[PDB]
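I have placed the structure first, in the form of structure tokens, so that the comments after it can refer back to it.
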Amino acid sequence: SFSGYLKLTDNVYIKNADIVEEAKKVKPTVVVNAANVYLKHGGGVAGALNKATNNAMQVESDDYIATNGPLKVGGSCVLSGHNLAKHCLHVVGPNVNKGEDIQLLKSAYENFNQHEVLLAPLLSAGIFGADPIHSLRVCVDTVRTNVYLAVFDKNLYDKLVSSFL
Ligand SMILES: Cc1cccc(C(=O)NCC(=O)O)c1
């Protein structure tokens with residue numbers, strides 16, 4: 001199971017780790033992907049998770065979009081976790097770099113409440129442009145299920161822990 005996590009609250013845990021490496025080690029029931037509405041897994045967490053599946057996540061995602069159309073910003077879909085997890089919960093946080101409403105970050109985190117335990121990144125953080133400190137705050141105040149957050153960047157991880165209220 002999950003190891004080396006710092007407990008932030010009753011249900012939120014955090015670790016400085018590569019979420020792909022964490023997923024391959026733990027093989028969690030759910031790994032969260034930092035998805036976009038098109039499920040185009042190009043960069044950041046999505047690109048890394050997809051590359052770890054040898055592009056199987058993208059092929060499956062393209063079939064999902066062909067059938068269902070794009071997701072909503074703040075929405076999610078459950079697809080296969082491939083070699084990383086039982087399932088992948090593709091969650092679309094607002095992309096501040098595309099001018100999307102940061103208020104949708106709480107709706108995006110609400111998707112985590114449908115799963116008892118998840119391995120996840122900070123939504124809308126990184127290349128999505130939102131403040132990761134704010135993302136962690138929204139996570140703690142929204143997610144009630146057990147969430148194990150993997151923060152890739154060491155300097156950000158240190159700042160997140162040291163500033164956590
Ligand atoms: C280097 C940098 C700048 C701004 C934001 C971030 C960030 O939220 N990263 C997420 C993560 O490392 O898991 C990193």
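Simple scheme: letters A, B, ... for chains in structure tokens order, numbers from 1 for residues in each chain, numbers from 1 for ligands in the order shown.
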
Give me, as a tab-separated table, each residue of region 9-113 of chain A that comes within 7 Å of region 130-144 of chain A, together with its shortest interatomic pair and the distance in Å at one decimal, counting only C-alpha atoms, with rows ordered by chain and rising residue number.
```
residue	atom	partner	partner_atom	distance
A:11	CA	A:144	CA	6.5
A:12	CA	A:140	CA	6.4
A:96	CA	A:130	CA	5.8
A:106	CA	A:138	CA	6.1
A:109	CA	A:139	CA	6.2
A:110	CA	A:142	CA	6.2
A:112	CA	A:143	CA	6.2
A:113	CA	A:143	CA	5.8
```

Please, could you write that set of residues out with C-alpha atoms as a JSON list (two decimals), in the first residue's frame?
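Output file again-v2.json follows:
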```json
[["chain", "number", "residue", "atom", "x", "y", "z"],
["A", 11, "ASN", "CA", -8.19, 11.93, 4.85],
["A", 12, "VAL", "CA", -5.54, 13.84, 2.87],
["A", 96, "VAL", "CA", -6.02, 28.99, -15.91],
["A", 106, "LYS", "CA", -14.00, 22.64, -6.29],
["A", 109, "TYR", "CA", -12.28, 17.76, -6.69],
["A", 110, "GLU", "CA", -15.86, 16.63, -5.91],
["A", 112, "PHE", "CA", -12.83, 12.26, -5.94],
["A", 113, "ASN", "CA", -15.70, 11.71, -3.45]]
```

Find the residues of chain A that sit at most 10 Å from ligand 1; for each, write down the nearest two atoms and how far apart they are in Å, to one decimal. Count only C-alpha atoms and all ligand atoms. Sort by chain, then by number going up, and give it as a Markdown table.
```
| residue | atom | partner | partner_atom_place_in_ligand_line | distance |
| --- | --- | --- | --- | --- |
| A:15 | CA | ligand 1 | 13 (O) | 9.6 |
| A:16 | CA | ligand 1 | 13 (O) | 7.9 |
| A:17 | CA | ligand 1 | 13 (O) | 7.9 |
| A:18 | CA | ligand 1 | 13 (O) | 7.8 |
| A:19 | CA | ligand 1 | 13 (O) | 8.2 |
| A:44 | CA | ligand 1 | 10 (C) | 8.5 |
| A:45 | CA | ligand 1 | 13 (O) | 8.0 |
| A:120 | CA | ligand 1 | 13 (O) | 9.3 |
| A:121 | CA | ligand 1 | 13 (O) | 5.9 |
| A:122 | CA | ligand 1 | 13 (O) | 6.3 |
| A:123 | CA | ligand 1 | 8 (O) | 8.4 |
| A:124 | CA | ligand 1 | 8 (O) | 7.6 |
| A:125 | CA | ligand 1 | 8 (O) | 3.8 |
| A:126 | CA | ligand 1 | 7 (C) | 3.5 |
| A:127 | CA | ligand 1 | 5 (C) | 6.9 |
| A:128 | CA | ligand 1 | 8 (O) | 8.0 |
| A:129 | CA | ligand 1 | 5 (C) | 6.9 |
| A:130 | CA | ligand 1 | 8 (O) | 7.3 |
| A:131 | CA | ligand 1 | 5 (C) | 6.7 |
| A:132 | CA | ligand 1 | 8 (O) | 4.6 |
| A:133 | CA | ligand 1 | 8 (O) | 8.1 |
| A:134 | CA | ligand 1 | 8 (O) | 9.9 |
| A:135 | CA | ligand 1 | 8 (O) | 8.5 |
| A:136 | CA | ligand 1 | 8 (O) | 9.7 |
| A:149 | CA | ligand 1 | 13 (O) | 8.4 |
| A:150 | CA | ligand 1 | 13 (O) | 6.2 |
| A:151 | CA | ligand 1 | 13 (O) | 3.5 |
| A:152 | CA | ligand 1 | 12 (O) | 3.7 |
| A:153 | CA | ligand 1 | 12 (O) | 3.7 |
| A:154 | CA | ligand 1 | 12 (O) | 7.2 |
| A:155 | CA | ligand 1 | 1 (C) | 7.8 |
| A:156 | CA | ligand 1 | 14 (C) | 6.1 |
| A:157 | CA | ligand 1 | 12 (O) | 7.2 |
| A:160 | CA | ligand 1 | 8 (O) | 9.7 |
```

Taking 5 positions as the minimum chain separation for residues in the same chain, which residues sit within 10 Å of region 20-23 of chain A when counting only C-alpha atoms? Answer as a PDB file with N, CA and C atoms, in the first residue's frame.
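Saved to part_17.pdb:
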```pdb
ATOM      1  N   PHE A   2       0.277   2.485   0.207  1.00  0.00           N
ATOM      2  CA  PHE A   2       0.931   3.797   0.180  1.00  0.00           C
ATOM      3  C   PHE A   2       1.926   3.965   1.312  1.00  0.00           C
ATOM      4  N   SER A   3       3.143   4.400   0.981  1.00  0.00           N
ATOM      5  CA  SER A   3       4.167   4.575   2.001  1.00  0.00           C
ATOM      6  C   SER A   3       4.905   5.884   1.860  1.00  0.00           C
ATOM      7  N   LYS A  15       2.951  13.356  -0.640  1.00  0.00           N
ATOM      8  CA  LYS A  15       4.314  12.837  -0.783  1.00  0.00           C
ATOM      9  C   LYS A  15       4.975  13.486  -1.978  1.00  0.00           C
ATOM     10  N   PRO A  28      -2.739   1.205  -7.368  1.00  0.00           N
ATOM     11  CA  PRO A  28      -3.938   1.573  -6.608  1.00  0.00           C
ATOM     12  C   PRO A  28      -5.210   1.215  -7.332  1.00  0.00           C
ATOM     13  N   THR A  29      -6.328   1.227  -6.610  1.00  0.00           N
ATOM     14  CA  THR A  29      -7.622   0.990  -7.259  1.00  0.00           C
ATOM     15  C   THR A  29      -7.911   2.142  -8.252  1.00  0.00           C
ATOM     16  N   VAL A  30      -7.570   3.376  -7.864  1.00  0.00           N
ATOM     17  CA  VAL A  30      -7.799   4.539  -8.712  1.00  0.00           C
ATOM     18  C   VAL A  30      -6.582   5.436  -8.748  1.00  0.00           C
ATOM     19  N   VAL A  31      -6.111   5.744  -9.954  1.00  0.00           N
ATOM     20  CA  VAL A  31      -5.142   6.788 -10.154  1.00  0.00           C
ATOM     21  C   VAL A  31      -5.890   7.938 -10.878  1.00  0.00           C
ATOM     22  N   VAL A  32      -5.766   9.175 -10.393  1.00  0.00           N
ATOM     23  CA  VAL A  32      -6.393  10.318 -11.021  1.00  0.00           C
ATOM     24  C   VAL A  32      -5.472  10.871 -12.070  1.00  0.00           C
ATOM     25  N   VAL A  45       1.051  15.503 -16.006  1.00  0.00           N
ATOM     26  CA  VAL A  45       0.641  14.204 -15.510  1.00  0.00           C
ATOM     27  C   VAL A  45       0.003  13.327 -16.617  1.00  0.00           C
ATOM     28  N   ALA A  46      -0.868  13.914 -17.447  1.00  0.00           N
ATOM     29  CA  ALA A  46      -1.549  13.137 -18.496  1.00  0.00           C
ATOM     30  C   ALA A  46      -0.579  12.517 -19.495  1.00  0.00           C
ATOM     31  N   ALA A  48       2.607  11.877 -18.984  1.00  0.00           N
ATOM     32  CA  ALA A  48       3.415  10.904 -18.285  1.00  0.00           C
ATOM     33  C   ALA A  48       2.648   9.609 -18.027  1.00  0.00           C
ATOM     34  N   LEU A  49       1.370   9.710 -17.584  1.00  0.00           N
ATOM     35  CA  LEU A  49       0.578   8.499 -17.346  1.00  0.00           C
ATOM     36  C   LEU A  49       0.364   7.755 -18.661  1.00  0.00           C
ATOM     37  N   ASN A  50       0.019   8.503 -19.716  1.00  0.00           N
ATOM     38  CA  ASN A  50      -0.228   7.884 -21.007  1.00  0.00           C
ATOM     39  C   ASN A  50       1.025   7.184 -21.540  1.00  0.00           C
ATOM     40  N   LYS A  51       2.185   7.855 -21.453  1.00  0.00           N
ATOM     41  CA  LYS A  51       3.424   7.238 -21.936  1.00  0.00           C
ATOM     42  C   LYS A  51       3.729   5.939 -21.169  1.00  0.00           C
ATOM     43  N   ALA A  52       3.430   5.922 -19.844  1.00  0.00           N
ATOM     44  CA  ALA A  52       3.628   4.714 -19.028  1.00  0.00           C
ATOM     45  C   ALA A  52       2.739   3.551 -19.447  1.00  0.00           C
ATOM     46  N   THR A  53       1.572   3.856 -20.053  1.00  0.00           N
ATOM     47  CA  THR A  53       0.681   2.817 -20.582  1.00  0.00           C
ATOM     48  C   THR A  53       1.018   2.450 -22.038  1.00  0.00           C
ATOM     49  N   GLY A  81      -7.255   1.674 -15.771  1.00  0.00           N
ATOM     50  CA  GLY A  81      -5.976   2.112 -15.232  1.00  0.00           C
ATOM     51  C   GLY A  81      -4.814   1.447 -15.952  1.00  0.00           C
ATOM     52  N   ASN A  83      -1.750  -0.678 -16.952  1.00  0.00           N
ATOM     53  CA  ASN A  83      -0.704  -1.284 -16.120  1.00  0.00           C
ATOM     54  C   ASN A  83      -0.404  -0.452 -14.854  1.00  0.00           C
ATOM     55  N   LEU A  84      -1.163   0.631 -14.632  1.00  0.00           N
ATOM     56  CA  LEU A  84      -0.855   1.533 -13.526  1.00  0.00           C
ATOM     57  C   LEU A  84      -1.761   1.402 -12.316  1.00  0.00           C
ATOM     58  N   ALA A  85      -3.004   1.018 -12.551  1.00  0.00           N
ATOM     59  CA  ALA A  85      -4.053   1.045 -11.542  1.00  0.00           C
ATOM     60  C   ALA A  85      -5.235   0.202 -12.042  1.00  0.00           C
ATOM     61  N   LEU A 119      -5.063   7.728  -5.631  1.00  0.00           N
ATOM     62  CA  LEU A 119      -3.721   8.270  -5.814  1.00  0.00           C
ATOM     63  C   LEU A 119      -3.964   9.437  -6.787  1.00  0.00           C
ATOM     64  N   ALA A 120      -3.512  10.663  -6.470  1.00  0.00           N
ATOM     65  CA  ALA A 120      -3.858  11.791  -7.319  1.00  0.00           C
ATOM     66  C   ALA A 120      -2.829  12.846  -7.386  1.00  0.00           C
ATOM     67  N   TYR A 148      -4.325  10.349  -1.682  1.00  0.00           N
ATOM     68  CA  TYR A 148      -2.888  10.311  -1.556  1.00  0.00           C
ATOM     69  C   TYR A 148      -2.329  11.140  -2.665  1.00  0.00           C
ATOM     70  N   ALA A 150       0.451  12.968  -4.871  1.00  0.00           N
ATOM     71  CA  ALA A 150       1.829  12.851  -5.330  1.00  0.00           C
ATOM     72  C   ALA A 150       2.223  14.216  -5.948  1.00  0.00           C
ATOM     73  N   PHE A 152       5.118  16.113  -7.763  1.00  0.00           N
ATOM     74  CA  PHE A 152       6.351  15.802  -8.479  1.00  0.00           C
ATOM     75  C   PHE A 152       7.536  16.704  -8.099  1.00  0.00           C
TER      76      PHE A 152
END
```

query: Where in region 26-137 of chain A does DSSP assign helix (DSSP H, G or I), given as a VMD selection string?
result: chain A and resid 26 44 to 52 56 to 68 96 to 98 104 to 114 126 to 128 132 to 137

message: So that I can see what lies close to residue 59 (chain A), please list as a PyMOL selection string the residues with an atom at most 12 Å from it, counting only C-alpha atoms and leaving out residues fewer than 4 positions away in the same chain.
response: chain A and resi 39-41+50-51+53-55+63-66+79-80+82

message: Please determine, counting only C-alpha atoms, which residue among A:26, A:108, A:37, A:14 has the shortest atom-to-atom distance to residue 70 (chain A).
response: A:37

query: Can you list every residue in chain A that DSSP puts in strand (DSSP E), as a ChimeraX atom specification?
result: /A:6-7,12-16,30-35,76-80,87-92,117-120,146-151

Mind writing the picked residues with N, CA and C atoms as a CSV table (one decimal), in the first residue's frame?
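Final file, part32.csv:
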```csv
chain,number,residue,atom,x,y,z
A,6,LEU,N,3.0,12.0,4.2
A,6,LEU,CA,2.8,12.9,5.3
A,6,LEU,C,1.3,13.1,5.4
A,7,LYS,N,0.7,12.9,6.6
A,7,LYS,CA,-0.7,13.1,6.8
A,7,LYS,C,-1.0,14.6,7.0
A,12,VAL,N,-6.4,13.4,3.9
A,12,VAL,CA,-5.5,13.8,2.9
A,12,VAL,C,-4.1,13.6,3.3
A,13,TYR,N,-3.3,12.9,2.4
A,13,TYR,CA,-1.9,12.5,2.6
A,13,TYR,C,-1.1,13.1,1.4
A,14,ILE,N,0.1,13.4,1.6
A,14,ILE,CA,0.9,14.0,0.6
A,14,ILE,C,2.4,13.4,0.5
A,15,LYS,N,3.0,13.4,-0.6
A,15,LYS,CA,4.3,12.8,-0.8
A,15,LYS,C,5.0,13.5,-2.0
A,16,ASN,N,6.3,13.7,-1.9
A,16,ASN,CA,7.0,14.2,-3.1
A,16,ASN,C,7.4,13.0,-3.9
A,30,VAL,N,-7.6,3.4,-7.9
A,30,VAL,CA,-7.8,4.5,-8.7
A,30,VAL,C,-6.6,5.4,-8.7
A,31,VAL,N,-6.1,5.7,-10.0
A,31,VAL,CA,-5.1,6.8,-10.2
A,31,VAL,C,-5.9,7.9,-10.9
A,32,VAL,N,-5.8,9.2,-10.4
A,32,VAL,CA,-6.4,10.3,-11.0
A,32,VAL,C,-5.5,10.9,-12.1
A,33,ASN,N,-6.0,11.1,-13.3
A,33,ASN,CA,-5.3,11.8,-14.3
A,33,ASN,C,-5.7,13.3,-14.3
A,34,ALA,N,-4.8,14.2,-14.5
A,34,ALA,CA,-5.0,15.6,-14.7
A,34,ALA,C,-5.4,15.8,-16.2
A,35,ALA,N,-6.6,15.5,-16.5
A,35,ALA,CA,-7.1,15.4,-17.9
A,35,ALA,C,-7.6,16.8,-18.4
A,76,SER,N,-15.5,14.5,-15.0
A,76,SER,CA,-14.6,13.3,-15.0
A,76,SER,C,-15.2,12.1,-15.7
A,77,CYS,N,-14.4,11.2,-16.0
A,77,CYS,CA,-14.8,9.9,-16.4
A,77,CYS,C,-13.9,8.8,-15.9
A,78,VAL,N,-14.4,7.6,-15.7
A,78,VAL,CA,-13.7,6.5,-15.2
A,78,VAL,C,-13.3,5.6,-16.4
A,79,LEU,N,-12.0,5.4,-16.6
A,79,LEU,CA,-11.6,4.6,-17.7
A,79,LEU,C,-10.6,3.5,-17.1
A,80,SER,N,-10.0,2.6,-17.9
A,80,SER,CA,-9.1,1.6,-17.3
A,80,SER,C,-7.8,2.3,-16.8
A,87,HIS,N,-8.4,1.4,-12.1
A,87,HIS,CA,-9.1,2.4,-12.9
A,87,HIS,C,-8.3,3.7,-13.0
A,88,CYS,N,-8.5,4.5,-14.0
A,88,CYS,CA,-8.0,5.9,-14.0
A,88,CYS,C,-9.2,6.8,-14.0
A,89,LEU,N,-9.3,7.7,-13.0
A,89,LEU,CA,-10.3,8.7,-13.0
A,89,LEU,C,-9.8,9.9,-13.7
A,90,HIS,N,-10.2,10.2,-14.9
A,90,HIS,CA,-9.7,11.4,-15.6
A,90,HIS,C,-10.5,12.6,-15.2
A,91,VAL,N,-9.9,13.5,-14.4
A,91,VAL,CA,-10.6,14.6,-13.9
A,91,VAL,C,-10.1,15.9,-14.6
A,92,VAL,N,-11.1,16.7,-15.1
A,92,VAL,CA,-10.7,18.0,-15.7
A,92,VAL,C,-10.8,19.2,-14.8
A,117,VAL,N,-10.7,5.6,-2.1
A,117,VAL,CA,-9.3,5.9,-2.0
A,117,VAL,C,-8.7,6.2,-3.4
A,118,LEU,N,-7.9,7.2,-3.5
A,118,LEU,CA,-7.3,7.6,-4.8
A,118,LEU,C,-5.9,8.0,-4.6
A,119,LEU,N,-5.1,7.7,-5.6
A,119,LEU,CA,-3.7,8.3,-5.8
A,119,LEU,C,-4.0,9.4,-6.8
A,120,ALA,N,-3.5,10.7,-6.5
A,120,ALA,CA,-3.9,11.8,-7.3
A,120,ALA,C,-2.8,12.8,-7.4
A,146,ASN,N,-10.3,9.1,1.0
A,146,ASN,CA,-8.8,9.0,1.2
A,146,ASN,C,-8.1,9.4,0.0
A,147,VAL,N,-7.4,10.5,0.0
A,147,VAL,CA,-6.6,10.9,-1.2
A,147,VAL,C,-5.1,11.0,-0.9
A,148,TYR,N,-4.3,10.3,-1.7
A,148,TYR,CA,-2.9,10.3,-1.6
A,148,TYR,C,-2.3,11.1,-2.7
A,149,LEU,N,-1.9,12.3,-2.3
A,149,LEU,CA,-1.4,13.3,-3.3
A,149,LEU,C,0.1,13.1,-3.6
A,150,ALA,N,0.5,13.0,-4.9
A,150,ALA,CA,1.8,12.9,-5.3
A,150,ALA,C,2.2,14.2,-5.9
A,151,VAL,N,3.2,14.9,-5.3
A,151,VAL,CA,3.6,16.2,-5.9
A,151,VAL,C,5.0,15.9,-6.5
```

field: Long-range neighbours of residue 105 (chain A) as a ChimeraX atom specification, 7 Å cut-off, only C-alpha atoms, 6 positions minimum in chain
entry: /A:74,93-94

query: From the list A:43, A:38, A:158, A:114, which residue is nearest residue 61 (chain A) when using only C-alpha atoms?
result: A:38

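Put simply, CA of residue 75 (chain A) is 21.6 Å away from CA of residue 56 (chain A).
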
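The smallest atom-to-atom distance between residue 111 (chain A) and any of A:73, A:95, A:25, A:10, using only C-alpha atoms, is found for A:73.
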
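Nearest-residue note for residue 72 (chain A): choosing from A:159, A:165, A:9, A:100, the minimum distance belongs to A:100, counting only C-alpha atoms.
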